[PDB]
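Chemist: Residue numbers (the numbering used here), protein chains in the order written: chain A, 520 to 814; chain B, 520 to 814; chain C, 520 to 814; chain D, 520 to 814.
Built from N, CA and C at the ideal position, the CB exists for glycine as well.
For reference, the structure I am asking about is given below.
Number of protein chains: 4
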Amino acid sequence: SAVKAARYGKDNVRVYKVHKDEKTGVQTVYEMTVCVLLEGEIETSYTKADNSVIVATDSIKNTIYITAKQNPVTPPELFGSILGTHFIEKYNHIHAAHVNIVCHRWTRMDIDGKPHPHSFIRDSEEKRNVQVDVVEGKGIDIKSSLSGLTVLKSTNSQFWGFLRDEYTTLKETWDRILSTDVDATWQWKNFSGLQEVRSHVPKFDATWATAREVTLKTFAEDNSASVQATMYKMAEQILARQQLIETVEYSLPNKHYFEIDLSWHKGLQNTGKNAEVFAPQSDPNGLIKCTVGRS
Amino acid sequence: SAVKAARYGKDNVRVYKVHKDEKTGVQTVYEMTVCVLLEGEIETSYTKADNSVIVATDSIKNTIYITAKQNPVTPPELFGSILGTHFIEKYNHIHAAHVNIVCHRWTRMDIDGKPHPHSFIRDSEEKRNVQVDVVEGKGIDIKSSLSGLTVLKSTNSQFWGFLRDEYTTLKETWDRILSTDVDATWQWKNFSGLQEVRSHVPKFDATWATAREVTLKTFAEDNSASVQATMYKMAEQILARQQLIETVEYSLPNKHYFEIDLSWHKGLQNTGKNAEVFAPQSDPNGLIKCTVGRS
Amino acid sequence: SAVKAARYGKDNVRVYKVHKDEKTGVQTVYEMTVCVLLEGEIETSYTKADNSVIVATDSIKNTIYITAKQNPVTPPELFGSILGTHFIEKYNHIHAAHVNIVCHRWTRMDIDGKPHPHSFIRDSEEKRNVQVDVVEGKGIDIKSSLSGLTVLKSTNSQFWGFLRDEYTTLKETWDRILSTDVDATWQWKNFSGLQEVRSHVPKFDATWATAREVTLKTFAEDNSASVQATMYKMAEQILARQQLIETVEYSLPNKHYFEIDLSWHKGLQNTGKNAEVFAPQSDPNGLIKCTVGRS
Amino acid sequence: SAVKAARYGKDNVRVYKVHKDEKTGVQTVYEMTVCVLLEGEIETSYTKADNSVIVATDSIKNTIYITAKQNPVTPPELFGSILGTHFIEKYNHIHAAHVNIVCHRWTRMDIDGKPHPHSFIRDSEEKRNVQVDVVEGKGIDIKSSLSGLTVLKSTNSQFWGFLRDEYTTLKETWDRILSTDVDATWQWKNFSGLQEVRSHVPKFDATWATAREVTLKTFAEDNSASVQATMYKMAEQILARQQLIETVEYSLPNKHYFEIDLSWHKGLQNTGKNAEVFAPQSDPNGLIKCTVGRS
Ligand SMILES: O=c1[nH]c(=O)c2nn[nH]c2[nH]1
Ligand SMILES: O=c1[nH]c(=O)c2nn[nH]c2[nH]1
Ligand SMILES: O=c1[nH]c(=O)c2nn[nH]c2[nH]1
Ligand SMILES: O=c1[nH]c(=O)c2nn[nH]c2[nH]1
Ligand code: NA
Ligand code: NA
Ligand code: NA
Ligand code: NA
Numbered sequence: 520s521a522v523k524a525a526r527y528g529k530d531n532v533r534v535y536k537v538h539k540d541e542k543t544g545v546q547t548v549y550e551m552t553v554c555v556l557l558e559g560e561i562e563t564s565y566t567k568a569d570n571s572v573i574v575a576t577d578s579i580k581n582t583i584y585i586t587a588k589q590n591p592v593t594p595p596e597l598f599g600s601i602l603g604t605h606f607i608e609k610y611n612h613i614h615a616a617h618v619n620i621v622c623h624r625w626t627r628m629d630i631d632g633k634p635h636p637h638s639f640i641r642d643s644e645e646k647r648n649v650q651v652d653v654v655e656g657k658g659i660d661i662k663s664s665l666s667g668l669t670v671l672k673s674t675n676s677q678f679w680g681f682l683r684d685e686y687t688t689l690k691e692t693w694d695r696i697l698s699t700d701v702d703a704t705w706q707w708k709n710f711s712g713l714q715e716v717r718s719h720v721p722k723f724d725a726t727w728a729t730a731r732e733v734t735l736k737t738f739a740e741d742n743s744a745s746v747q748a749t750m751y752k753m754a755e756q757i758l759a760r761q762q763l764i765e766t767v768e769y770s771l772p773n774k775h776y777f778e779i780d781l782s783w784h785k786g787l788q789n790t791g792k793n794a795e796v797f798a799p800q801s802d803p804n805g806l807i808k809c810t811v812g813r814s
Numbered sequence: 520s521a522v523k524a525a526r527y528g529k530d531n532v533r534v535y536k537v538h539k540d541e542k543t544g545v546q547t548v549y550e551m552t553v554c555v556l557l558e559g560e561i562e563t564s565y566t567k568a569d570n571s572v573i574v575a576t577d578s579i580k581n582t583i584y585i586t587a588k589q590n591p592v593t594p595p596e597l598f599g600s601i602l603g604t605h606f607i608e609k610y611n612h613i614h615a616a617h618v619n620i621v622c623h624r625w626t627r628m629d630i631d632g633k634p635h636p637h638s639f640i641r642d643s644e645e646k647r648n649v650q651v652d653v654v655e656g657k658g659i660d661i662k663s664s665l666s667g668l669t670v671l672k673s674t675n676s677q678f679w680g681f682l683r684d685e686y687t688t689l690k691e692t693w694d695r696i697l698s699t700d701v702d703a704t705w706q707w708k709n710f711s712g713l714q715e716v717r718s719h720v721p722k723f724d725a726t727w728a729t730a731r732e733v734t735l736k737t738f739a740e741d742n743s744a745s746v747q748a749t750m751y752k753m754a755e756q757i758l759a760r761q762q763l764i765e766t767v768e769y770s771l772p773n774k775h776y777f778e779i780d781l782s783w784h785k786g787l788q789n790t791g792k793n794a795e796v797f798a799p800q801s802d803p804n805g806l807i808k809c810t811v812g813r814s
Numbered sequence: 520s521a522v523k524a525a526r527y528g529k530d531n532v533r534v535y536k537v538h539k540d541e542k543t544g545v546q547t548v549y550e551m552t553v554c555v556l557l558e559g560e561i562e563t564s565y566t567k568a569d570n571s572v573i574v575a576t577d578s579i580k581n582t583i584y585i586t587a588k589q590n591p592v593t594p595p596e597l598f599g600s601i602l603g604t605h606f607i608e609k610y611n612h613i614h615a616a617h618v619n620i621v622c623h624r625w626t627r628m629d630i631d632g633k634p635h636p637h638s639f640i641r642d643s644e645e646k647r648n649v650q651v652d653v654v655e656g657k658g659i660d661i662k663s664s665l666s667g668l669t670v671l672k673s674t675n676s677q678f679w680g681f682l683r684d685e686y687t688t689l690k691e692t693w694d695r696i697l698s699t700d701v702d703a704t705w706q707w708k709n710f711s712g713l714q715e716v717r718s719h720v721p722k723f724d725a726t727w728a729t730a731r732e733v734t735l736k737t738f739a740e741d742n743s744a745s746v747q748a749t750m751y752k753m754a755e756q757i758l759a760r761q762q763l764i765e766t767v768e769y770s771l772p773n774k775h776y777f778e779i780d781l782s783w784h785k786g787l788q789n790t791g792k793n794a795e796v797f798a799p800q801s802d803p804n805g806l807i808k809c810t811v812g813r814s
Numbered sequence: 520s521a522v523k524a525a526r527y528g529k530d531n532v533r534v535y536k537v538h539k540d541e542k543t544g545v546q547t548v549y550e551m552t553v554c555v556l557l558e559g560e561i562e563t564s565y566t567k568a569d570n571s572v573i574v575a576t577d578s579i580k581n582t583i584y585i586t587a588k589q590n591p592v593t594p595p596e597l598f599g600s601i602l603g604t605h606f607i608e609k610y611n612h613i614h615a616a617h618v619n620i621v622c623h624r625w626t627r628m629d630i631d632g633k634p635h636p637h638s639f640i641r642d643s644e645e646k647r648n649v650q651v652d653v654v655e656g657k658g659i660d661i662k663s664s665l666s667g668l669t670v671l672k673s674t675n676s677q678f679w680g681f682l683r684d685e686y687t688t689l690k691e692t693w694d695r696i697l698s699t700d701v702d703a704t705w706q707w708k709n710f711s712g713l714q715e716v717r718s719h720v721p722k723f724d725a726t727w728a729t730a731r732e733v734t735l736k737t738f739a740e741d742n743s744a745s746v747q748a749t750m751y752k753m754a755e756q757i758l759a760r761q762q763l764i765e766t767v768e769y770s771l772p773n774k775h776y777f778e779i780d781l782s783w784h785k786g787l788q789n790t791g792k793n794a795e796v797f798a799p800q801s802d803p804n805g806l807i808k809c810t811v812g813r814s
């Protein structure tokens, strides 16, 4: 037997950082969960009990805090690139670092219509994420994403004209509820190293904001022929607005809301045009994916 | 042996309702999870296998949908009172109904600064809840609550002057992070029945809004001497603003963020006045409760 | 306004303890999650920002570890009583302690048919719990429970003869699946203090074991007329076997498995006597409770 | 823009099946959660709103139940292969099916030392899983796994001799707790189609059983030099015992239990050789992975 692949490191490292403006008294907080996994010439720790090649996972944890102390933590694409680069430069025998960051929302509170200097609210479990792969001699690959964005529209969704055979019971419809949890990922062109990532810093927050806006607007305005058709429209627009993105991937559950036939009870009408009360279904759910790239 | 207490019914009944304004084209959605438990002369179903006294839990589920079809579902205090009253009036041998409702957020989307007519977003897992106990001959007891409101302030919290003995390691502090998940419940004066609940309908949404506002403002503005002292200020204000509330109860975790001493690494300064990077602690957590009533 | 009730302390304190037999080399592990909440003359911490009355929640955490170091942690009824008694005796102004303990399973591994001296497996998320209320001048009240015991029987459950009216669609049945998650609590007679709890130590593990055995056997062997009827049989037996128990409470979800009509597809028969494939339902669920005491 | 990849289908389809032996009266239950995602010539549903190419996800759900009705559901490697093959053969334009199955434990109850004919218990959340990829013209690729196997050993784990630099605070140790949740996957050699999968049916359950046994025994008996070294020993043995496996992958968290220094309190000794009470850490955790193949 032989080691074909190996990676190890520290997961679920929670980190908070505060920035204090002395001039204005305004404070800004950031909170993330970080995972760092390393690869390189470490096979002997598995095969020969040779720990001399192991940077302890405990040390990886220390490094994350030290790096957060000495560097900006935003945008997360930059912080992840700094963190991954550190490991491949510091250790001769480590050749790849894989950094995953989940950013948690702490939105400044408005009190009496004024932004509060140091109080924050968690408005939704929506996350902004990055995956950064730093590979020695091959640059920096960054995937940025948003996840946990939960939306619903109560009309202007249709689904008809699908394949019908002996397995099909689903009725065609011209008016249904559409609800999903959005997971959207945009993959950046490969960067040559940290200097190049730094050169594009302003694009990261702007592209996140654009991706979010395009997702929300398209969902709200499309008279949707299917999840497939609406998601493609979203991806097409993001690619048009940011030339440095190579691909956009969406993964969308179709969270079903079923009509409830109440006609057995005093002829009560609650289906089709008379449908008012529905039963949200926890499971099963449709799952629709697509990856869109350039011609 | 004897049956000392018994209750049974249906839990986790998910319900969605849409309202469609034909004049404006605007749609509004409501989504809840409902639990209904009944009590009454049902002991024989346990002791003698006498099912004749059982209103099937499946029928309770049907009733929830039918009731939602025929009545407004907002405010939830009203819907819960209608639902509970139904069971005690319809069935001679059922003498109490206990209705719990959790309301989920579906907030209308703003697209290009305009409210969208039929598209919604789940902005946070914060819930609005009610517990309604309808007891034959004793009226309607309603407890309203908000839960899952997660907040953090980065300064203007202190904790000093506590008891110190041989069990104490905690250092006094004049500047710390304070973060919590708010669970706040206000208990209404007993209502004589449905007519009286109907007479107070406008107070329900207004009092929820007030409770939320007072919680957020007091948290943001108090230079907090402790969780205990700040929560009492909140409760005092809610009681002052709504005479029909008898008691206010808060249950607050103290979600700790620990300083990280980095001085072992090149004398890096990250404690006290130099603290920038902290470690959020998943557990354990302080838990502080209080119930405030009128003199 | 006035403080009507207040309690505070530390929740989610995870504790592991190992016992090492030097003679045999055998090791035994215990892992728990502990919550301690205190009450007493502490109103001024809420109303006057008087922290001098507060035993810091951090100190409560320290106390839990120190107490676990100096005392046996099993049975949990004893450990909880020691822990609660500590607070009311040590602090003049603390008059009640409320201790909740959740015990996690670490079952010794069998390797080649022999019990291993120091290796353990988590066989199921079933928990053994205690709630201990220690109140100055009123003794020690203990509620013991098991929870998270998930069972299913594929036949020998019936449900017919229930009330039928205009809200009823459920068909009567003489053969169905019955599945539940068992939550069972037995409440001990009040104990005068720690000496009396110590005197009954052997009864705690024995009664837990009996409660579990009676639950499993009755579930498996009863040709069940309803959840109500089967649960009553369980409670009756536990009360008969342990005279020091005053009441037994069961809370049981009815986790539904629905038949799937497949007759639309080539006349496939999958209902009633031909039912083989079913759809487990995540929600809603029946919820049936009862508390049984002595005549 | 162009569609680079697309797949869609139904997730979270819960299925239960009962087998009834008429001769013995013994019943056996199976419960799974199934996901099926399809690929093929479906790009136009995304780009042109052409639903004619879509096999509705609702129909995929129906198919899963019908297939379970007409075929054995065990071993899951066989059921997944039957299910995936169905879609690529039935639909000309579907060229790949991806089937994921999670099998839930329902272990027959022992009542009075005898196996019960129709009563079952969920002994642990450990799962047995399969991933089956059926690709037209390329055969059947099967990955089998176990997950959610949670173990702990209280001694006979060491960790010393790792890299020490200016980022390192971890002390070397010759005696620590080791606890993990095992995720282990074995990948079968490619099969040419369903006939070949059928020919190897007895190997599936046997290899699962072997993988489990080797994992438990090696964990219990190895005087572990690191997670890395112990996991490699496991993988090596599985590959030696089943020639039809090509690779074995383990992914193991290192769930830390920290010593608690109590010496500040009356010189209490609770570290090193005197360590009895520990604090389990919820996060962060080490994460160690490896994939082992043949020379
Ligand atoms: O077994 C271990 N492997 C590791 O890589 C490691 N790093 N810190 N502690 C550890 N323990
Ligand atoms: O055992 C049951 N008890 C009940 O009260 C009930 N109601 N519907 N189905 C049921 N099954
Ligand atoms: O606000 C607080 N209240 C308390 O009771 C406490 N105990 N430790 N830290 C604390 N902070
Ligand atoms: O938008 C949808 N896409 C689908 O593929 C599908 N299948 N069933 N319902 C559906 N809705
Ligand atoms: Na390197
Ligand atoms: Na009545
Ligand atoms: Na006292
Ligand atoms: Na095909």
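Which partner residues of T626/B appear in the DSSP bridge assignment?
Modeler: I640/B
Chemist: Using a cut-off of 8 Å between C-beta atoms, extract the partners of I779/C located in chain B.
Modeler: Neighbours of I779/C on chain B: none; closest Cβ ~17 Å, over 8 Å.
Chemist: Report all residues from its chain with a CB closer than 7 Å to the CB of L556/D; omit the five preceding and five following residues, and keep chain order.
Modeler: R526, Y527, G528, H617
Chemist: With distances taken Cα to Cα, identify the nearest neighbour of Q546/C among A739/D, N804/D, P721/D.
Modeler: Comparing Cα positions, the closest option is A739/D.
Chemist: In the DSSP assignment, find the unbroken alpha helix (DSSP H) run with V746/D in it and report its ends.
Modeler: 746-760
Chemist: Using 8 Å as the Cβ pair cut-off and three pairs as the minimum, do the region 709-716 of chain D and the region 768-783 of chain D touch?
Modeler: no
Chemist: Measuring alpha carbon to alpha carbon, tell me which of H719/A, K588/A, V746/A, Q756/A ends up nearest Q788/B.
Modeler: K588/A
Chemist: Quick check on the DSSP output: what are the complete alpha helix (DSSP H) runs of length 4 or more inside the region 587-612 of chain B, in order along the chain?
Modeler: 595-609
Chemist: Can you give the Cα-Cα distance for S745/A and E560/A, rounded to whole angstroms?
Modeler: 48 Å
Chemist: Excluding five sequence neighbours on each side, which residues of the same chain lie with their C-beta closer than 8 Å to the C-beta of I601/A?
Modeler: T586, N590, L713
Chemist: Counting only runs of 4+ residues fully inside the region 694-728 of chain C, write out the alpha helix (DSSP H) ranges in chain order.
Modeler: 713-718
Chemist: For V651/B versus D660/B, is the C-beta spacing smaller than 9 Å?
Modeler: yes
Chemist: To test your reading of the DSSP string, which unbroken alpha helix (DSSP H) runs of 4 or more residues are found completely within the region 560-589 of chain C?
Modeler: The region 560-589 of chain C contains these whole alpha helix (DSSP H) runs: 562-566, 576-589.
Chemist: Would you mind stating whether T699/D and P772/D have Cβ atoms separated by less than 9 Å?
Modeler: Contact: yes.
Chemist: With hydrogens ignored, establish whether the beta-carbon of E608/C is closer than 8 Å to any heavy atom of ligand 7.
Modeler: yes
Chemist: How would you call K672/D, buried or exposed, if buried means at least 16 neighbouring beta carbons within 10 angstroms?
Modeler: buried
Chemist: Output needed in chain order: residues of the region 791-806 of chain A with a Cβ under 7 Å from some Cβ in chain C.
Modeler: Answer set for the region 791-806 of chain A: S801, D802.
Chemist: For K722/B, which option in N581/B, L597/B, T674/B has the closest C-alpha, if you only look at C-alpha atoms?
Modeler: Selection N581/B, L597/B, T674/B evaluated against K722/B yields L597/B as nearest (Cα-Cα).
Chemist: Among the candidates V534/A, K539/A, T737/A, whose CA atom is the shortest distance from the CA of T582/A?
Modeler: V534/A
Chemist: Can you round the beta-carbon distance between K536/D and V796/C to whole angstroms, since I take them to be within the 8 Å contact cut?
Modeler: 5 Å
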